Amino acid sequence: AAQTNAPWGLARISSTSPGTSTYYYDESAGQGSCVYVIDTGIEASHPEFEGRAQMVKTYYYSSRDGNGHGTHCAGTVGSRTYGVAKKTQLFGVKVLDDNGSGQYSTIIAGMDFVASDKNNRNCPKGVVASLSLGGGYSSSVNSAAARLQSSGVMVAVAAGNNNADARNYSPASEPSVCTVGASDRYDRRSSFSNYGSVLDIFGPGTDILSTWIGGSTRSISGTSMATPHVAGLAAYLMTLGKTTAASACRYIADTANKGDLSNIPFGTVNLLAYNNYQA
């Protein structure tokens, strides 16, 4: 399948070179997989989700995304126009309030919730979790992410936007989950993107067009934006039978565009998420 005039990030993950505008992908599109978007919520109403998005848990007095961040992230995972895995099932877990903040105790509970709730759901091709969130180093937060991964979920987390070593951030610094840095449309490291040995992969993170609340769209930047590219790619690849939740991060690194990014500090991987789709 091919999507004409796709957002640059989607075109990027189906090309070996930057600058293209078509997203090439296998028509299975992540059907039969599920991605949990652990964030500010999802506006499931949005026509771009085509009924494939639903809230399953909230930690605040409402399950509505009053911010947009979570809806944007979910759109990059799985919306019809802006999504990597256009047929995946999307589950919203609202651990962040409408200012985009949340306590670590709440984020940990949300991760534990997904580890159990996936046993309530029909996800025959496997389960992914996208965590476009983080703060300072926490062993408890790292352990929660490691438990979610161990339970059989492919966990992708944002490296952070501090232009610093992600070793000092959580859950970015957890070794067993997939930590995602951000690049821009010219294959430069995004100016805000964290770096360091704990990063596993880069994804498109600067000027990413996706869904927004109120049935609209907008372009924003962050390692928050790169993480759902990788989470969606994982769901796409698990549907194709090419990998599993336990191995997807390594498989994505195995098959990444290698050495294409500039301003990568010494000791940080130079790998860019890539679907290697051959029509």
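Sequence positions for chain A are given in Swiss-Prot numbering; the residues included correspond to 106-384, in order.
Method of determination (from the header): X-ray crystallography, 1.6 Å.
Cβ coordinates are placed from backbone N, Cα and C, and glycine is handled just like the others.
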Starting from the Ca(2+) 1 binding annotation in Swiss-Prot that includes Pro280, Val282, which of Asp217, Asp222, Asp305, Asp312 is the extra site residue?
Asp305
Looking at Swiss-Prot, which of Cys139, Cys283 bridges to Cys228 via a disulfide?
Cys139
Which residues, same chain and not among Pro280, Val282, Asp305, have a CB within 8 angstroms of the centroid of the CB atoms at the recorded Ca(2+) 1 site?
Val262, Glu279, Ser281, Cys283, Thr284, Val303, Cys354
Could you tell me which of these recorded positions, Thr121, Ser329, has the greatest number of Cβ atoms within 10 Å of its own Cβ?
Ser329
Which entry in the list of recorded positions, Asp144, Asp305, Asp365, has its Cβ near the fewest other Cβ atoms, using 10 Å as the limit?
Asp365
